[PDB]
Structure formats: structure tokens, C-alpha cells
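Participant: Okay, handing you the structure first.
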Amino acid sequence: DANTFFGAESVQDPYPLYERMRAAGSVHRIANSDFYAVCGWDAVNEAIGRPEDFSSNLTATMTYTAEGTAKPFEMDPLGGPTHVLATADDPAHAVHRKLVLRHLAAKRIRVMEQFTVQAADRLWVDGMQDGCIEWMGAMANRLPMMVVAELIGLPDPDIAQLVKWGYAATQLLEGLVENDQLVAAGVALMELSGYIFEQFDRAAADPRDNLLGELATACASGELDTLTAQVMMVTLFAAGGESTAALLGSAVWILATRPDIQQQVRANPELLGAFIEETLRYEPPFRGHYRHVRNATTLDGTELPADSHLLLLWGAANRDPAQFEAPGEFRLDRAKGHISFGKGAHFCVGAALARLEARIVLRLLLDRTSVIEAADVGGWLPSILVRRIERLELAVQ
Ligand code: HEM
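The sequence shown lines up with residues 37 to 371, 374 to 435 when you count with the entry's author numbering.
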């Protein structure tokens, strides 16, 4: 594959790849695999609007052999009970989404704001020494994991552990990182799982006003199964922790490497919300999400066999030249949006929270500095699904 989704180049910068795929059409088979890249804006919107045809159950991911050949990493079949929340179809999906939304209501977000302000300040104090901070390990990796742990109700977490735990599932699900990294991720996910099961067993005996308690209560009344509830909580670390970490990393990487953009936001602090939205458009934390194709059908004109899969490429949709002027240019004056939080039945429940974490953290960084520059920029996580920088050493004044 001239158009492979893995390899050093695609990991570093996948956007030219998406434009090549788009030449073949808005939907296009990946090599000779059973996966079809969805790069068109209208095609992604159509797909997400057809949950009956394109299930969210994660029945397979795309992986690559050592020989570089795409192949399916098969998981739980269509309709299975392992599919929860973001990967569940209705009716279970709507129950799951309702329960989690209770912990993301307006009042909940206000509490989170106070929590985030205090946590961000402590992280900055600990991490910024002699005009230097490694942004990923000190801030971007930690803060969003602490927020997910607080939403769930975990007591006074070991932050070092949380980061490991929170990044484990992506690595395991793709099987793209090296074997030693995969073994460590498996240990990490075992540890995370076991910790959640321990905390849930304790919540069931005395439910408190957090998602653990909400779930313990809903299980007691028969609304869902105990194991389903525990798995739901496990998945929130990748869903809400890793994704937000990625945004915090990319936003800063852009500030640090585009002085013109950084001066614009400094000079006109009212452009911070636009800058966050443009980062979401231009470097979405998720490269994509899968769907399972239930029956032979068509999407935006393109044929799809039964039991194939879609890869919904949010980043590629956000650069569709039918929808956006100057799609490849980072601009602070746009007034269409983006599809980086999805749309429709599974539209991100955490979007307000994510946007709040970005606003708090980025305003702290900008308010406390006069100039930020990149001293050393690491590589990106080897992934087909997630767009996360691994290391970003800043020099500040
Ligand atoms: C920048 C940060 C974030 C991005 C880019 C992001 C993106 C997404 C996307 C694209 C979807 C739809 C997936 C699909 O259609 O298959 C989604 C769903 C979801 N997001 Fe996020 N998200 C972020 C932050 C968060 C946070 C902070 C939380 C929770 C604390 C969260 C929880 C979820 C959940 C539970 C769903 C599934 C909703 C449902 O199935 O009804 N997200 N998110």
C-alpha cells in the first residue's frame, strides 16, 4: 500500500495520506482489507446518521503485520454484551449515555471547573522549573486523567499510575506499538480493571454522589449489569482522559511552533476559544472511530459489503475542500465548525468538559508566560485512532 495507514510517515503526519485517499472518493477501501476509510464530510455525516446500518460495536480494529499488510484484529462480534457506551447500539446505548450524562450536567461541570483550576495550578508549580517544562508528562498527560478519576469518584489517586492506566487501552486495541509496550499496556489495563472492580464493590455498599455510586444504584434496580457498569468506567479513561490530553498537547505544540499564531492569541486573548476550536479542527485528538457494516449497502455512492468496517476519519472530514475554504491552513477567523466530537446519537458527552479543561489550562499557560518556544518535540503515538504527541519540552520566559 502506497496509502498505508501505518509506518513512520503516517504516524508523524497522516494528512497527506487522507488527501490521497480522497482522490479515490469520499469512501475508499483500505488496500484489499475489509476496512473503508471515510474521508468526506458529507460521507461521515451520513454514516453517523445511520446507526442501524453502521453499528458502533467494535467487532474489529485494523492492524498491520511486520510485513506491513493490513489485517483485521477481531474482537467481540456484532450484538455482544462487551459493547458499552461509546461502542453500544440502542437500546443499551441510550441507557449508558443517560447515566453518564448525569455526571456531566451543568452543576457537575461547575464543580469540575474548581477542581481543574486547583489541579492545573499544582501541576504547573511542580512541573515548571528554571523556565523549562516537559508539557506532556507534567501537565497534559496528568490533568485529564485526574478529571476522569474525579468524575468516577476514585479516592486520592496515584497520578503516575493513572497516566499509565489511562493510555493502556488504545495501545492494546491496535497492537501497533512494540511487543514490550504491549505487554506493559496489558499489565496496566489489568491493574486499572482490578482497581475499578475494587472501588465498585465498595460503592455498592455505600453509594456516594459520583459515577461509581450512580452505577451501583442503577445495577441494584436492574437497569444494567454489574460487569457492564465496571467496563463502562474503564473505557472513560481513553474516552475522556487520553483525548483531552491529546488536545492539550497539540494546542501547545502549535503555540510553540507557530509564533505568529501565539502572538495573535496573546494580543487578542478573546481568540483563545477560536484557537481551541481550530486546534480541534486541524489536529483532532481522534484520527478516527470504527463502525461495523451490518448489511451490504452504499455510503455516499460507494458500495460496501456486509460485515465490512468503516474508519470515520474526523480529521479528513474537517479538511474536506467541498466544505472548508483553505482546509490545510490554520486560521483564527473561521465562522461549519468541525466534526471532532462526532455528531448525532453518539455525539461526545464530554465536549463541554474538554473545552473547559483546554480553556483553563491554556489560559494558565498564556497568563503566566510572555513567550513559549519548543525546545524539543518528540514523536506521535503510533496509532491509527489517536493523534497524541508523546513528549514536548518547552522553554518559557
Ligand atoms: C478533546 C477531547 C475529546 C474528543 C476529541 C472527543 C471525541 C469524541 C468523539 C469523536 C466521539 C464519538 C465517537 C463515535 O462516534 O464513535 C465521542 C464520544 C464520547 N465521548 Fe468524547 N471526546 C473528548 C473528550 C471527552 C471527555 C472529556 C469525556 C468524558 C469525560 C468523553 C466521553 C465520551 C463518551 C462517553 C462518548 C460516547 C457517547 C455515546 O456513545 O453516546 N469525551 N467523543
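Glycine included, C-beta positions come from ideal geometry on N, C-alpha and C.
Run the CB neighbour count on residue 75, radius 10 Å, all protein chains shown included, and call it buried at 16 or more, exposed below.
Facilitator: As a working note, residue 75 is residue 39 in the sequence shown. Residue 75 is buried by the Cβ-count criterion.
Participant: Please classify residue 172: is it buried, with 16 or more other beta-carbons within 10 angstroms of its beta-carbon, or exposed?
Facilitator: Position 136 of the sequence shown, counting from 1, holds the residue named residue 172. That one is buried.
Participant: I need the straight-line Cα distance from residue 280 to residue 274, nearest angstrom please.
Facilitator: Residue mapping note: residue 280 aligns to position 244 of the sequence shown, counting from 1. Residue mapping note: residue 274 aligns to position 238 of the sequence shown, counting from 1. Whole-angstrom Cα-Cα distance: 9 Å.
Participant: Runs of 4 residues minimum, wholly inside the region 240-317: which ones carry the alpha helix (DSSP H) assignment?
Facilitator: Runs of the alpha helix (DSSP H) inside the region 240-317: 247-256, 262-272, 279-293 and 295-303.
Participant: Within 7 Å: the Cβ of residue 241 and any heavy atom of the ligand HEM?
Facilitator: Here the question's residue 241 lines up with position 205 in the sequence shown. Not under cutoff, so the answer is no.
Participant: Output the distance between the C-alpha atoms of residue 264 and residue 435, rounded to the nearest integer angstrom.
Facilitator: Within the sequence shown, numbered from 1, the residue matching residue 264 stands at position 228. Within the sequence shown, numbered from 1, the residue matching residue 435 stands at position 397. Looking at the two C-alpha atoms, the distance is approximately 49 Å.
Participant: Across the region 40-49 and the region 414-433, are there enough close Cβ pairs to call them in contact, namely three or more that are closer than 8 Å?
Facilitator: Yes: the two stretches touch, three or more of their Cβ pairs being nearer than 8 Å.
Participant: Are at least three pairs of beta-carbons, each pair with one atom in the region 310-317 and one in the region 287-296, less than 8 Å apart?
Facilitator: Yes, they touch.
Participant: Are the beta-carbon atoms of residue 175 and residue 195 separated by less than 8 Å?
Facilitator: Locating residue 175 in the sequence shown gives position 139, where the first residue counts as 1. Locating residue 195 in the sequence shown gives position 159, where the first residue counts as 1. No, Cβ-Cβ distance for residue 175 and residue 195 is not below 8 Å.
Participant: Any idea what DSSP makes of residue 164, helix, strand or coil?
Facilitator: Mapped onto the sequence shown, residue 164 falls at position 128. Note: residue 164 maps to coil in three-state DSSP.
Participant: Comparing the CB of residue 273 with every heavy atom of the ligand HEM, is any distance shorter than 7 Å?
Facilitator: Taking the sequence shown and counting its residues from 1, one reaches residue 273 at position 237. No, the ligand HEM has no heavy atom inside 7 Å of this Cβ.
Participant: Which residue's Cα is closest to the Cα of residue 262: 236, 271 and 311?
Facilitator: The residue you call residue 262 lines up with position 226 of the sequence shown. Residue 236 is the option with its Cα nearest to residue 262.
Participant: Would a C-beta distance cut-off of 8 Å place residue 199 and residue 207 closer than the cut-off?
Facilitator: Mapped onto the sequence shown, residue 199 falls at position 163. Mapped onto the sequence shown, residue 207 falls at position 171. For residue 199 and residue 207, no; Cβs fall outside 8 Å.
Participant: Count the other CB atoms within 10 Å of the CB of residue 158; is the residue buried (16 or more) or exposed (fewer)?
Facilitator: Reading the sequence shown from its first residue, position 122 is the one you call residue 158. It counts as exposed.
Participant: For residue 293, collect the residues of the same chain with a Cβ closer than 7 Å to its Cβ; drop the 5 residues on either side in sequence, then sort them by chain order.
Facilitator: To locate residue 293, count along the sequence shown from 1; it is residue 257. For residue 293, where only same-chain residues beyond five positions count, the Cβ hits under 7 Å are 412.
Participant: Jot down the residue ranges of each uninterrupted alpha helix (DSSP H) in the region 45-129, minimum 4 residues, whole runs only, in chain order.
Facilitator: List check, alpha helix (DSSP H) in window: 51-60 and 77-84.
Participant: Please find out if some non-hydrogen atom of the ligand HEM comes closer than 7 Å to the beta-carbon of residue 322.
Facilitator: Residue 322 sits at position 286 when you count from the first residue of the sequence shown. Result yes, Cβ under 7 Å from the ligand HEM.
Participant: Is the beta carbon of residue 99 less than 8 Å from the beta carbon of residue 249?
Facilitator: On the sequence shown, residue 99 is found 63 positions in, with the first residue counted as 1. On the sequence shown, residue 249 is found 213 positions in, with the first residue counted as 1. No, the Cβ-Cβ distance between residue 99 and residue 249 is not below 8 Å.
Participant: Taking 8 Å as the cut-off, decide whether the C-beta atoms of residue 330 and residue 89 are in contact.
Facilitator: Here residue 330 is taken as the residue at index 294 of the sequence shown, counted from 1. Here residue 89 is taken as the residue at index 53 of the sequence shown, counted from 1. Yes, they are a contact pair.
Participant: Taking one C-beta from the region 331-348 and one from the region 389-406 each time, how about it: are there three or more such pairs within less than 8 Å?
Facilitator: No, the region 331-348 is not in contact with the region 389-406.
Participant: Got a sec: does the ligand HEM put a non-hydrogen atom nearer than 7 Å to the Cβ of residue 338?
Facilitator: The residue you call residue 338 lines up with position 302 of the sequence shown. Outside the cutoff, so no.
Participant: Does the region 108-116 touch the region 226-242, meaning 3 or more C-beta pairs lie closer than 8 Å?
Facilitator: Verdict: no, contact absent.
Participant: Which of the three DSSP states is assigned to residue 387 in this structure?
Facilitator: Residue 387 sits at position 349 when you count from the first residue of the sequence shown. The answer is coil: DSSP assigns residue 387 none of H, G, I, E or B.
Participant: Identify every run of the alpha helix (DSSP H) within the region 168-240, keeping only runs that are complete inside it and at least 4 residues long; order them along the chain.
Facilitator: Runs found: 179-188, 195-202 and 204-210.
Participant: Starting from the N-terminal side, write out each stretch of the beta strand (DSSP E) that is 3 residues or longer and does not extend beyond the region 332-367.
Facilitator: The region 332-367 contains these whole beta strand (DSSP E) runs: 333-335, 338-340 and 345-348.
Participant: Spatial neighbours of residue 139 within its chain, please: C-beta separation below 6 Å, excluding the five flanking residues on both sides.
Facilitator: Translated into the one-based positions of the sequence shown, residue 139 becomes position 103. Cβ within range, chain order: 187 and 247.
Participant: What do you reckon, are the CB atoms on residue 410 and residue 80 nearer than 8 Å?
Facilitator: Here residue 410 refers to the residue found at position 372 when the sequence shown is read from its first residue. Here residue 80 refers to the residue found at position 44 when the sequence shown is read from its first residue. Contact: no.
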